[PDB]
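Right, one structure below, let's go through it.
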Protein chains: 2
Amino acid sequence: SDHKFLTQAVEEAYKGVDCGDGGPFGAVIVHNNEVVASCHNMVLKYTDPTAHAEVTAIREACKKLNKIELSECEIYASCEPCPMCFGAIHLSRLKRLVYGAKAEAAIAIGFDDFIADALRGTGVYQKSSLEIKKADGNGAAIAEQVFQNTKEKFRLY
Amino acid sequence: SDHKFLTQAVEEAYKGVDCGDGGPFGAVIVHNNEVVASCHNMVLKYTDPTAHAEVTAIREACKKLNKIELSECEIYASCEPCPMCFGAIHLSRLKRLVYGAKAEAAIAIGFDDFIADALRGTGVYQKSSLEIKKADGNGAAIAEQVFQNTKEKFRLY
Ligand SMILES: C[n+]1cn([C@@H]2O[C@H](CO)[C@@H](O)[C@H]2O)c2nc(N)[nH]c(=O)c21
Ligand SMILES: C[n+]1cn([C@@H]2O[C@H](CO)[C@@H](O)[C@H]2O)c2nc(N)[nH]c(=O)c21
Ligand SMILES: [Zn+2]
Ligand SMILES: [Zn+2]
């Protein structure tokens, strides 16, 4: 099921790039095995630099469930969440994060070197408690491939 | 000019907590002495845990100016921005941050112990070169007192 929902987050990344909504990033939020939100980056569509895939998914999930905490939910991110997104995941109280590509994969095609210490376990003032899984094998291959496949199919930001 | 806009952010904090929109946090975004957005925390009003004051102000300012970078703007935060908000400030390309109260003043009334390494210069992966000013003297004292003053008017969320 991890592979199914991570692959859906990657699909979201491709769709968002395809329609010009934003960059190649997707996020899926699930309650057990029911998708509560499925989103991609909306920075260009919304004229909103906070509208990353993960933030968008968190907003949509909180609306869908009518509350500001998602402690029964897990999030799948096609790419390692940035410091803004990882902070949002902390505030939302999501209980588990599974992510596909390491941040360096996005850096390699032109995005900011902008990495969350709290996710990598090097934070001093910010310490995470949630369970974090970096995908391997086929999930990692798919997630990494996103950046080579979508290179110069969108406008960087 | 710094004292005027910091005071505006503090007044936003009181206004938001008084009408129930969210916690006692305010933020004002300015473009060469013209206010672009003046906002407070809307987590409760919006059912959105990402709707901190700073994030809300960035959303509003970017939509107003029809662009996703605010590189000619500065942001005044009644309180030291959290990891999520500092990440949003970084992504938005705001050129300067002035903040009133240290994060410990909010933590002292029960908010999350949740502090941005990149703001305090304590990260391995996340750096900032953003121009950052912690206010001092008069407006700093006032900003610090926001939390003791509003402790009773809202319930931690
Ligand atoms: C819109 N966007 C930009 N980056 C950028 O990817 C790099 C590595 O994380 C960082 O530069 C971050 O800002 C995003 N990252 C994720 N995980 N999701 C997004 O929507 C996103
Ligand atoms: C809704 N909210 C919660 N915190 C809390 O602030 C602490 C760190 O400063 C953290 O405990 C965080 O949860 C907020 N902080 C600011 N600056 N602005 C907000 O709108 C906000
Ligand atoms: Zn992000
Ligand atoms: Zn914040």
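FYI, nothing fancy with the structure tokens labels: chains A, B, ... in order, residues from 1 per chain, ligands from 1 as they appear.
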Query raised in the report: So which residues touch residue B:124 within 8 Å, counting only C-alpha atoms, skipping near sequence neighbours fewer than 5 positions away, as a ChimeraX atom specification?
Result: /A:117,122-123
Query - Shell of 8 Å around ligand 4 (only C-alpha atoms and all ligand atoms), written as number ranges by chain - result: B: 50, 52-55, 81-86
Grab the residues selected above and save them as a compact mmCIF listing (two decimals), in the first residue's frame with N, CA and C atoms.
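Listing of part_23.txt after writing:
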```txt
# COMPACT_ATOMS: atom_id res chain seq x y z
N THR B 50 -1.93 25.40 8.60
CA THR B 50 -0.87 26.17 7.96
C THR B 50 -1.17 27.67 7.94
N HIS B 52 -0.94 30.18 9.71
CA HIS B 52 -0.27 31.11 10.61
C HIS B 52 -0.31 32.52 10.04
N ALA B 53 -0.04 33.50 10.91
CA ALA B 53 -0.06 34.89 10.49
C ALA B 53 0.86 35.12 9.30
N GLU B 54 2.12 34.67 9.41
CA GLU B 54 3.10 34.93 8.34
C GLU B 54 2.67 34.28 7.03
N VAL B 55 2.22 33.02 7.07
CA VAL B 55 1.79 32.35 5.84
C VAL B 55 0.62 33.10 5.22
N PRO B 81 9.12 33.81 13.74
CA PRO B 81 8.48 32.77 12.91
C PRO B 81 8.94 31.35 13.22
N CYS B 82 7.98 30.43 13.18
CA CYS B 82 8.22 29.01 13.40
C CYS B 82 8.92 28.40 12.19
N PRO B 83 9.36 27.12 12.27
CA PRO B 83 10.00 26.49 11.09
C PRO B 83 9.17 26.54 9.81
N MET B 84 7.86 26.31 9.92
CA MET B 84 7.02 26.37 8.72
C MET B 84 7.01 27.78 8.16
N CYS B 85 6.82 28.77 9.03
CA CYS B 85 6.71 30.14 8.55
C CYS B 85 8.05 30.67 8.06
N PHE B 86 9.14 30.34 8.75
CA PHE B 86 10.44 30.76 8.24
C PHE B 86 10.73 30.14 6.88
```
Query - Contacts of ligand 2, 7 Å or closer, only C-alpha atoms and all ligand atoms, given as a count of residues only - result: 27
Requested in this report: Please provide as an NGL selection string all residues within 12 Å of residue A:146, with the sequence filter that same-chain residues fewer than 5 positions apart are discarded (counting only C-alpha atoms).
Outcome: :A and (7 or 9-17 or 23-26 or 78-79 or 100-102 or 105-106 or 108-109 or 139-141 or 151-153)
Those same residues - N, CA and C atoms - I'd like them written as a tab-separated table (two decimals), in the first residue's frame.
```
chain	number	residue	atom	x	y	z
A	7	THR	N	3.11	6.03	-5.45
A	7	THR	CA	2.98	6.16	-6.90
A	7	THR	C	1.86	7.14	-7.26
A	9	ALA	N	1.20	9.82	-5.46
A	9	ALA	CA	1.80	11.15	-5.28
A	9	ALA	C	2.66	11.52	-6.48
A	10	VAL	N	3.37	10.54	-7.04
A	10	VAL	CA	4.20	10.81	-8.22
A	10	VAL	C	3.33	11.15	-9.44
A	11	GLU	N	2.24	10.41	-9.62
A	11	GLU	CA	1.25	10.73	-10.65
A	11	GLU	C	0.76	12.17	-10.51
A	12	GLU	N	0.45	12.59	-9.28
A	12	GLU	CA	0.07	13.98	-9.07
A	12	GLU	C	1.16	14.92	-9.54
A	13	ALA	N	2.43	14.60	-9.24
A	13	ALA	CA	3.51	15.48	-9.72
A	13	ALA	C	3.47	15.63	-11.24
A	14	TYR	N	3.26	14.51	-11.94
A	14	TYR	CA	3.26	14.57	-13.40
A	14	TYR	C	2.08	15.38	-13.92
A	15	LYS	N	0.90	15.19	-13.31
A	15	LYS	CA	-0.30	15.89	-13.76
A	15	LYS	C	-0.17	17.39	-13.55
A	16	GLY	N	0.34	17.78	-12.38
A	16	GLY	CA	0.51	19.19	-12.11
A	16	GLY	C	1.47	19.85	-13.08
A	17	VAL	N	2.59	19.18	-13.37
A	17	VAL	CA	3.50	19.70	-14.40
A	17	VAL	C	2.78	19.80	-15.73
A	23	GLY	N	5.33	22.96	-10.03
A	23	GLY	CA	6.47	22.11	-10.29
A	23	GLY	C	6.14	20.65	-10.07
A	24	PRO	N	7.12	19.79	-10.34
A	24	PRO	CA	6.88	18.33	-10.34
A	24	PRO	C	6.86	17.72	-8.94
A	25	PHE	N	5.85	18.07	-8.15
A	25	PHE	CA	5.73	17.54	-6.80
A	25	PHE	C	4.29	17.18	-6.50
A	26	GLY	N	4.09	16.03	-5.87
A	26	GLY	CA	2.77	15.61	-5.47
A	26	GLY	C	2.77	15.12	-4.04
A	78	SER	N	6.03	12.82	-3.02
A	78	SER	CA	6.86	12.34	-4.11
A	78	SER	C	8.32	12.72	-3.90
A	79	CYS	N	8.57	13.85	-3.25
A	79	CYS	CA	9.92	14.34	-2.96
A	79	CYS	C	10.00	14.66	-1.48
A	100	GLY	N	9.45	9.81	-1.48
A	100	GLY	CA	10.04	9.06	-2.58
A	100	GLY	C	11.47	9.44	-2.90
A	101	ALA	N	11.67	10.65	-3.42
A	101	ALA	CA	12.98	11.09	-3.89
A	101	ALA	C	13.67	11.92	-2.81
A	102	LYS	N	14.99	11.76	-2.69
A	102	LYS	CA	15.75	12.65	-1.82
A	102	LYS	C	15.80	14.05	-2.41
A	105	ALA	N	17.72	15.17	-5.55
A	105	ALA	CA	17.18	14.90	-6.88
A	105	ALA	C	16.48	16.11	-7.47
A	106	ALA	N	15.78	16.89	-6.63
A	106	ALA	CA	15.17	18.12	-7.11
A	106	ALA	C	16.21	19.21	-7.30
A	108	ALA	N	19.18	18.82	-8.31
A	108	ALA	CA	19.92	18.50	-9.52
A	108	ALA	C	19.28	19.03	-10.80
A	109	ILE	N	17.99	19.34	-10.80
A	109	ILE	CA	17.34	19.89	-11.99
A	109	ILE	C	16.96	21.36	-11.78
A	139	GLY	N	9.83	2.26	-5.65
A	139	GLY	CA	9.29	3.56	-5.28
A	139	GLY	C	10.32	4.66	-5.42
A	140	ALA	N	11.55	4.38	-4.97
A	140	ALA	CA	12.63	5.35	-5.12
A	140	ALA	C	12.96	5.58	-6.58
A	141	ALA	N	12.99	4.51	-7.39
A	141	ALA	CA	13.29	4.70	-8.82
A	141	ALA	C	12.24	5.58	-9.50
A	151	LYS	N	12.14	17.46	-16.71
A	151	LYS	CA	13.13	18.52	-16.83
A	151	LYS	C	12.77	19.45	-17.98
A	152	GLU	N	12.70	20.75	-17.67
A	152	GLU	CA	12.30	21.79	-18.63
A	152	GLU	C	10.97	21.48	-19.30
A	153	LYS	N	10.04	20.88	-18.55
A	153	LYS	CA	8.64	20.86	-18.94
A	153	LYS	C	7.82	21.84	-18.10
```
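Residues in contact range of residue A:138, defined as at most 9 Å between only C-alpha atoms, with sequence neighbours fewer than 4 positions away removed, read residues 3, 142 and 143 of chain A.
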Kindly save the residues from that selection, with N, CA and C atoms included, as an mmCIF file, in the first residue's frame.
```
data_model
loop_
_atom_site.group_PDB
_atom_site.id
_atom_site.type_symbol
_atom_site.label_atom_id
_atom_site.label_comp_id
_atom_site.auth_asym_id
_atom_site.auth_seq_id
_atom_site.Cartn_x
_atom_site.Cartn_y
_atom_site.Cartn_z
ATOM 1 N N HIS A 3 3.607 1.566 -1.621
ATOM 2 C CA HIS A 3 3.983 1.783 -3.012
ATOM 3 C C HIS A 3 2.827 2.363 -3.827
ATOM 4 N N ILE A 142 10.955 5.308 -9.257
ATOM 5 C CA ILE A 142 9.877 6.118 -9.842
ATOM 6 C C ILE A 142 9.996 7.577 -9.404
ATOM 7 N N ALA A 143 10.177 7.779 -8.092
ATOM 8 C CA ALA A 143 10.183 9.128 -7.548
ATOM 9 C C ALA A 143 11.364 9.920 -8.088
#
```
Query - stretch 3-154 of chain A: residues DSSP assigns to strand (DSSP E), reported as a ChimeraX atom specification - result: /A:26-31,34-40,73-79,96-101,131-134
Query raised in the report: Residues at most 9 Å from residue A:96, counting only C-alpha atoms, excluding those fewer than 4 positions away in the same chain, as an MDAnalysis selection string?
Result: chainID A and resid 71 73:76 130:133
Requested in this report: Please report, as an MDAnalysis selection string, each residue of stretch 1-156 of chain A to which DSSP assigns helix (DSSP H, G or I) when run on this structure's backbone.
Outcome: chainID A and resid 2:19 43:46 53:65 83:92 103:107 117:120 137:149
Query raised in the report: Which is closer to chain A than all the others in B:104, B:154, B:87, B:110, using only C-alpha atoms?
Result: B:87
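Of note, atom 16 (C, counted along the ligand's line) of ligand 1 and atom CA of residue A:27 are spaced 8.6 Å apart.
For the pair atom CA of residue B:126 and atom CA of residue A:116, the separation is 6.2 Å.
Nearest to ligand 1 of all the residues B:63, B:4, B:90, B:31 is B:90, counting only C-alpha atoms and all ligand atoms.
Comparing the minimum interatomic distances between chain A and each of B:118, B:19, B:28, B:97, counting only C-alpha atoms, we find that B:118 sits nearest.
Candidate residues A:48, A:60, A:5, A:137 were compared for distance to residue B:88, and the nearest is A:48, using only C-alpha atoms.
Among the candidate residues B:121, B:98, B:89, B:145, the one lying nearest to ligand 3 is B:89, with distances computed using only C-alpha atoms and all ligand atoms.
When only C-alpha atoms are used to measure the gap to chain B, the shortest distance among A:144, A:21, A:136, A:69 belongs to A:69.
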